[PDB]
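Before any questions on how it binds or moves, here is one chain, the form deposited in one PDB entry, in structure tokens.
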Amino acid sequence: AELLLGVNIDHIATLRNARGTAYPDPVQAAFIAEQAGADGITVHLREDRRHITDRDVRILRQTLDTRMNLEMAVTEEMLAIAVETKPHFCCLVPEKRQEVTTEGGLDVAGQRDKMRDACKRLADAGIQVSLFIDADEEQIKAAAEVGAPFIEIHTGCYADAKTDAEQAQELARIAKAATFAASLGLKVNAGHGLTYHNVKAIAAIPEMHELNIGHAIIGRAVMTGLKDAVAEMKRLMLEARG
């Protein structure tokens, strides 16, 4: 069971929206990445459409050769959109202060009914749901209890570690959380903030299923090209596992 990699192309759109032209087109990047080590493409459809737009989602859904992971907030609009779109995966994320925790994860343990409804609903649509949460066992437990098949652990605190001791600390937390989530029947993803220098430690955690990385790749891309940027990340990820 190879460690999978989902490439988030959101920032290709960031770059496009700055001038309101058609380029660069997320649709092209998706092709490059899928053929360069990406097992899935991730797009976050924000409410304010900062980058990825409804057009993007609509055409990508028809052009992706692998599968879509729709990052979105738990709101009527987005729930409706995802059910309509039928993405293979859906990643629920906070987008406001009430749904967010002190670390930026989805507050599941405090919104059990809302999350329960959302999960069954997305599941009836044939969508595999992933609740984006902190390496918090309480949230991890609640996630399991509301029926999500996946949870994506927030690796941002780890990415932003200011000292090695602080980083090693966040690593351990993440690792124990993953092990705990698995013992609950959850498959577990991570990836937020991961870079070419801190990706290996996470990739090594056995419970990890897939890593959703975006920015570091797109940031490497402007220099070296998307093909090599994605390929390097996948190479490093597999090395971590061997």
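C-alpha atoms forming the largest set that superposes within 1.5 Å between two forms make up the rigid core. Sequential numbering from 1, following the sequence displayed. Only residues modelled in both forms are compared.
Same protein, other form: the form deposited in another entry, not shown, and the subject of what follows.
Q: Core fitted between the shown form and the other one: which of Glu103, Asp160, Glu138, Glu145 shows a C-alpha shift of 2 angstroms or more?
A: The residue that shifts is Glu103.
Q: Quick one: in the other form, is the Cα gap between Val100 and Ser183 smaller or bigger than here? Answer closer or farther; it shifts by 3 Å or more.
A: It is farther: the C-alpha separation of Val100 and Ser183 rises by at least 3 Å in the other form.
Q: Say whether the C-alpha atoms of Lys96 and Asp48 sit closer together or farther apart in the other form than in the form shown here, given that their separation changes by 3 Å or more.
A: Closer in the other form, by 3 Å or more.
Q: Rigid core aligned, which consecutive-residue runs (three or more long, every Cα at least 2 Å shifted) show up between the shown form and the other one?
A: CA shift run, sole hit: 96 to 103.
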